[PDB]
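Single chain ahead, by itself, as structure tokens, in the form deposited in one PDB entry.
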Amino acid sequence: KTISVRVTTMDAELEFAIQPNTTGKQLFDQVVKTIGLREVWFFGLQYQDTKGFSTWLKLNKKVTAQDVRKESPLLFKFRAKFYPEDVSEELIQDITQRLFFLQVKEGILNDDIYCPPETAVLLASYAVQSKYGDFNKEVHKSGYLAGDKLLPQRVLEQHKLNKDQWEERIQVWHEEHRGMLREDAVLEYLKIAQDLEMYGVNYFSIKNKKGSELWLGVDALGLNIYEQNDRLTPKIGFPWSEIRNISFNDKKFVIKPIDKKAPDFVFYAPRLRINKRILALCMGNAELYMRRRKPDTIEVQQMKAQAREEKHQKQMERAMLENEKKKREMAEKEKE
């Protein structure tokens, strides 16, 4: 019979009925056609397996054949598994940018991605411009941001400041953003966020030959070896340009160099399950490193034209809606 399923993007609940033969590819394809996403290479479908682990659904296999729970409907969360090297030069669509913004903002607010307090204030101002739009003294009274989770909890519990003083700080920058489109505010958030040291870094706990505990960061640029305490600053770094090959077997991982007059890098991770995820993320981040170098697609080009013209059509439908709003606001003035 048909198996019900739910997909939640950062801002949408979705319902599908899937046959027992449906593959992750066929499911994912109905998800992206529904929301209009074409920049599909960054994204995946995440779920909780039969051991409560968050896992990425594989698209070359049947959904029901994967370690999915005895739940009806089956739950999936549509998320980004890969990140761009530059948001402004790679996130074409509004749906792509919006989905990234929400997901990264979630990481920041949660403290998963470290964010200095002064940077969080600027970030929250762009998030406020995205949600509210241009600051108005007539509509944004003292207390307008009390209802919003705006800063990371390490920021709030480090500094004396209460909801009032913190709002005062953000509102200065919200005022400063007067004139910005909400979609450009979204893009400005992403441009500051992506410069965070932990941004778009998948960490894993590893050990070197000697047995000392370390962090492995897998990202769009390469692999990095961090210390047990400092996961902000890597100690050793391998760009995807110097990596010739990545493999693992019975906990031992070996990264082979491009320059064969250079040694191998050996590191050790303990779970088969995570090791498969390290390898898959390695494989995908290296495929994307190269694509980003080989010149732009005669599909990407057509989508960039599509998203650019749709942007001028948004700023024509919103231009005609502003003229009606400005006429109705002036008419409703002489009432009291």
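We number the residues from 1 along the sequence you see.
The same protein also exists as the form deposited with a partner chain bound; that form is not shown, yet it is the one meant from here on.
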Within a 4.5 Å heavy atom cut-off, is residue 79 in contact with its partner chain in the entry with it bound?
no
Spell out, yes or no, whether the shortest heavy atom distance between residue 73 and its partner chain in the entry with it bound is within 4.5 Å.
no
Non-hydrogen atom contact residue 122 with its partner chain in the entry with it bound at 4.5 angstroms:
yes
Classify residue 188 as contacting or not contacting its partner chain in the entry with it bound by the rule of any non-hydrogen atom within 4.5 angstroms, answering yes or no.
yes
Among 214, 109, 92, 145, which has at least one heavy atom within 4.5 Å of its partner chain in the entry with it bound?
214
